[PDB]
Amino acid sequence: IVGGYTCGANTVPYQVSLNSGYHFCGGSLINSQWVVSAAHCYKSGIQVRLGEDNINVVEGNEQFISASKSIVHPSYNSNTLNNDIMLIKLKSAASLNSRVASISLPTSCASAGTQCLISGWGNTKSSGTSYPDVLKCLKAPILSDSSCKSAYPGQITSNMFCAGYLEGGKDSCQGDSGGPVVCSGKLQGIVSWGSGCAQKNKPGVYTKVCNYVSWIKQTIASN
């Protein structure tokens, strides 16, 4: 997250870190056994880390649970990033508490202008590289589909939305991928892609979670 703020420990209780020996992507806890992330974060050997603030220090509220299964969306296209969403099942159920909590799925799509909370452990610089140990947060609005398409000609599908600031300076970034965009208490987006980070006229692009609720629910119900 570039241009954001330190969230505070366990203030974003649905935020997960995906770990394969190291943090590599975010995710969102949607019930005691399932995490939603980006398909481009897929790999084997995932350990889900819940209850994290500093990802390099054991602070006392963590739960580390290996994944039993991951399910990339059936129509994910890694070239275009269309349908950039995946589900991860935990080998054992998380113990839910005030610091480790699910986030609700949307019941309708969000609108441009809605303020959302974007979070992660990704790069905090737009030029250069610095990776935080503690969770970072950014409040940002959803942008109109027409501004999004104009920013990224030929690249924005109906399964994507833009959020952020056209002036630059405030955005998600590498290492935030897979993490949450939460608006009014609902998971509306997944950190997906952008041109660089925090660049003028190049807002963040996010997977549009509301399009996937039926697939998520049906997949969980049978897996």
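All residue numbers refer to positions in the sequence shown, first residue = 1.
> Quick one: higher average CA temperature factor, 105-113 or 118-126?
Taking the mean C-alpha B-factor of 118-126 and of 105-113, the larger value falls to 105-113.
> Look up the CA B-factors in the entry and say which stretch, 11-19 or 195-203, has the higher mean.
It is 195-203.
> In terms of recorded Cα temperature factor, pick the maximum from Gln33, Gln63, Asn54, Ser177.
Highest CA B-factor of the listed options: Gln33.
> When the CA B-factors of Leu135, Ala93, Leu138, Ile142 are compared as recorded in the entry, which is the largest?
Result of the comparison over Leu135, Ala93, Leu138, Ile142: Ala93.
> Among the chain's modelled residues, which third holds the C-alpha B-factor of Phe161?
Lowest third of the chain for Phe161's C-alpha B-factor.
> Would you check the entry's CA temperature factor for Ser184 and let me know if it's in the chain's lowest, middle or highest third?
CA B-factor rank for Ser184: highest third.
> Please place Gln155 in the lowest, middle or highest third of its chain by C-alpha B factor as given in the entry.
CA B-factor rank for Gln155: highest third.
> Within this chain's modelled residues, let me know which third the CA B factor of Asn79 belongs to: lowest, middle or highest.
As the PDB entry reports it, the C-alpha B-factor of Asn79 lands in the middle third of its chain.
> Consider only the C-alpha atoms of the modelled residues in this chain, order them by B-factor as the entry records it, and name the third containing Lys170: lowest, middle or highest.
As the PDB entry reports it, the C-alpha B-factor of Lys170 lands in the middle third of its chain.
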